[PDB]
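What follows is a short report on a single structure.
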Amino acid sequence: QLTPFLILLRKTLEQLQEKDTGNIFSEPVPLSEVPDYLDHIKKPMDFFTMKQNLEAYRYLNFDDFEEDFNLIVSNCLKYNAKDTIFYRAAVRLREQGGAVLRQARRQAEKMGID
Amino acid sequence: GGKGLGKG
């Protein structure tokens, strides 16, 4: 059912955001400061946009939620040089966030996801 | 594929 599922997503998103200790993924990459970003990145994503989507009922299953979180990480690895704070943060977030999503998926299974 | 200039 939608109510318990959205509560699960909010908690999951909060935990993912807590893993981003440097607040690197909190808001969209500022395109005005990074004008070549869209030359490399097909679909930007960030935690604020995810929260907006969540509250606007755009995540009605777990896969769509996962897909957007995974974009946050994959975009960052793809765009940034390996020796940057950003790339290193994405490597860490993939591992830590991955554990969060594993646990959250198991919870979603216990509810009503297909 | 090469990467971007960077975020600074």
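The way I read the labels, and the way they are meant: chains A, B, ... in the order of the structure tokens, residue 1 as the first residue of every chain, and ligand 1 as the first ligand shown, with later ones counted on from there.
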With only C-alpha atoms considered, list every residue of chain A at most 7 Å from chain B, as a tab-separated table (two decimals) with N, CA and C atoms, in the first residue's frame.
chain	number	residue	atom	x	y	z
A	34	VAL	N	29.26	24.51	-14.24
A	34	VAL	CA	29.81	23.32	-14.87
A	34	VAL	C	29.19	23.16	-16.26
A	36	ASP	N	30.07	22.07	-19.12
A	36	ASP	CA	30.26	20.85	-19.92
A	36	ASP	C	29.62	19.62	-19.29
A	37	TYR	N	28.88	19.80	-18.20
A	37	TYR	CA	28.31	18.66	-17.48
A	37	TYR	C	27.35	17.85	-18.37
A	79	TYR	N	31.60	11.62	-14.48
A	79	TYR	CA	32.00	12.99	-14.80
A	79	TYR	C	33.35	13.39	-14.20
A	80	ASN	N	33.58	13.01	-12.94
A	80	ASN	CA	34.72	13.51	-12.17
A	80	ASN	C	35.97	12.65	-12.28
A	81	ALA	N	37.14	13.29	-12.30
A	81	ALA	CA	38.42	12.58	-12.31
A	81	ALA	C	38.60	11.74	-11.06
#### Entry: Spatial neighbours of residue 58 of chain A, 12 Å, only C-alpha atoms, chain gap at least 6 places, as a PyMOL selection string
chain A and resi 2+6+9+49-52+64-65+68
#### Entry: Computed interatomic separation between atom CA of residue 111 of chain A and atom CA of residue 13 of chain A (Å)
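Distance between the two atoms: 17.5 Å.
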### Which of chain A DSSP labels helix (DSSP H, G or I), written as a VMD selection string
chain A and resid 2 to 19 37 to 40 47 to 55 62 to 79 85 to 110
### Query
So, counting only C-alpha atoms, which residue among A:97, A:60, A:41, A:18 is closest to residue 77 of chain A?
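Closest to residue 77 of chain A, using only C-alpha atoms: A:41.
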